[PDB]
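Numbering (PDB author numbering), first residue to last: 2 to 82.
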Amino acid sequence: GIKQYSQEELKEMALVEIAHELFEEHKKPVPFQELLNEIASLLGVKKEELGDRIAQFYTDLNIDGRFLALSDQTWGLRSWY
(Lines of atoms letter the chains of each structure in order from A and count residues from 1; the text may use other names and numbers.)
(Lines give C-alpha, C1' and ligand atoms only; values in the text may rest on other atoms or scores of the structure.)
Protein backbone atom coordinates (compact mmCIF):
# COMPACT_ATOMS: atom_id res chain seq x y z
CA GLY A 1 0.00 0.00 0.00
CA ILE A 2 2.79 2.33 -0.89
CA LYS A 3 3.07 2.18 -4.72
CA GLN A 4 -0.35 3.52 -5.55
CA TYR A 5 0.77 6.87 -4.19
CA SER A 6 1.92 9.75 -6.32
CA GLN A 7 5.15 11.71 -6.00
CA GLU A 8 4.00 14.51 -3.68
CA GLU A 9 1.71 12.08 -2.03
CA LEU A 10 4.68 9.84 -1.12
CA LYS A 11 6.67 12.92 -0.09
CA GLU A 12 4.25 13.67 2.72
CA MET A 13 4.19 10.07 3.91
CA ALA A 14 6.03 9.43 7.16
CA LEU A 15 9.46 8.00 6.39
CA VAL A 16 9.35 5.05 8.82
CA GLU A 17 5.83 4.27 7.62
CA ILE A 18 7.00 4.12 4.01
CA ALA A 19 9.64 1.65 5.13
CA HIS A 20 7.01 -0.34 7.08
CA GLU A 21 4.97 -0.77 3.90
CA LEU A 22 8.13 -1.44 1.90
CA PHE A 23 8.77 -4.43 4.12
CA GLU A 24 5.30 -5.88 3.77
CA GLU A 25 5.69 -5.31 0.07
CA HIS A 26 8.98 -7.13 -0.17
CA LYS A 27 8.27 -9.69 2.61
CA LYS A 28 11.99 -9.84 2.85
CA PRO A 29 14.44 -8.13 5.20
CA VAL A 30 16.22 -5.38 3.35
CA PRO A 31 19.59 -3.73 4.15
CA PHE A 32 19.57 -0.04 5.05
CA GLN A 33 21.14 1.14 1.79
CA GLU A 34 18.81 -0.86 -0.36
CA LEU A 35 15.58 0.09 1.35
CA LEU A 36 16.48 3.76 0.76
CA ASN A 37 17.03 2.98 -2.93
CA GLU A 38 13.62 1.31 -3.07
CA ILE A 39 11.93 4.32 -1.42
CA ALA A 40 13.66 7.06 -3.43
CA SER A 41 12.88 5.54 -6.80
CA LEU A 42 9.31 4.78 -5.77
CA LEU A 43 8.97 8.50 -5.35
CA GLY A 44 9.28 10.58 -8.47
CA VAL A 45 12.14 12.50 -6.89
CA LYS A 46 15.89 12.40 -6.58
CA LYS A 47 17.45 10.33 -3.82
CA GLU A 48 19.00 13.48 -2.30
CA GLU A 49 15.53 14.54 -0.99
CA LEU A 50 15.44 11.34 0.90
CA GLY A 51 19.10 12.07 1.71
CA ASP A 52 18.08 14.80 4.17
CA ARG A 53 15.62 12.21 5.20
CA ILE A 54 18.42 9.52 5.42
CA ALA A 55 19.95 11.32 8.32
CA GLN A 56 16.55 11.78 9.89
CA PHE A 57 15.78 8.18 8.98
CA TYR A 58 18.50 7.06 11.35
CA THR A 59 16.90 9.16 14.02
CA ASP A 60 13.26 8.18 13.25
CA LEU A 61 13.87 4.51 12.48
CA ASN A 62 15.74 4.03 15.77
CA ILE A 63 12.83 5.50 17.78
CA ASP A 64 10.18 3.28 16.15
CA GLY A 65 8.49 0.49 18.09
CA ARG A 66 7.58 -2.16 15.43
CA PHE A 67 10.73 -2.42 13.36
CA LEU A 68 13.38 -5.02 13.70
CA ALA A 69 17.04 -4.86 12.96
CA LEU A 70 17.79 -8.37 11.84
CA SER A 71 21.44 -9.07 10.98
CA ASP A 72 23.77 -5.99 10.47
CA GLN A 73 21.28 -3.31 9.52
CA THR A 74 18.86 -5.41 7.68
CA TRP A 75 15.61 -3.95 8.71
CA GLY A 76 12.23 -5.40 8.70
CA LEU A 77 9.32 -5.97 10.92
CA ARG A 78 9.36 -8.00 14.07
CA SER A 79 5.69 -8.60 13.41
CA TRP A 80 6.73 -11.67 11.36
CA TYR A 81 8.20 -13.68 14.19
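Every residue gets a Cβ at the ideal spot worked out from N, C-alpha and C, and that includes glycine.
Does DSSP classify residue i as helix, strand or coil?
i, result
"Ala-70", "strand"
"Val-46", "coil"
"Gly-52", "helix"
Considering Cα atoms alone, identify which of the options is closest to residue i.
i, options, result
"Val-31", "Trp-76, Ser-80, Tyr-82, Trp-81", "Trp-76"
"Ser-7", "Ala-41, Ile-55, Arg-67, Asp-61", "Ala-41"
"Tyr-82", "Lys-4, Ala-20, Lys-28", "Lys-28"
Comparing the CB of residue i with every heavy atom of the ligand FAD, is any distance shorter than 7 Å?
i, result
"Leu-23", "This structure does not include the ligand FAD; it has no bound ligands of any sort."
Less than 8 Å between the C-beta atoms of residue i and residue j, yes or no?
i, j, result
"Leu-43", "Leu-11", "yes"
"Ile-55", "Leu-37", "yes"
"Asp-53", "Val-17", "no"
Give me the Cα-Cα distance between residue i and residue j, rounded to the nearest whole angstrom.
i, j, result
"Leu-51", "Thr-60", "13 Å"
Give me the DSSP bridge partner(s) of residue i.
i, result
"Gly-77", "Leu-69"
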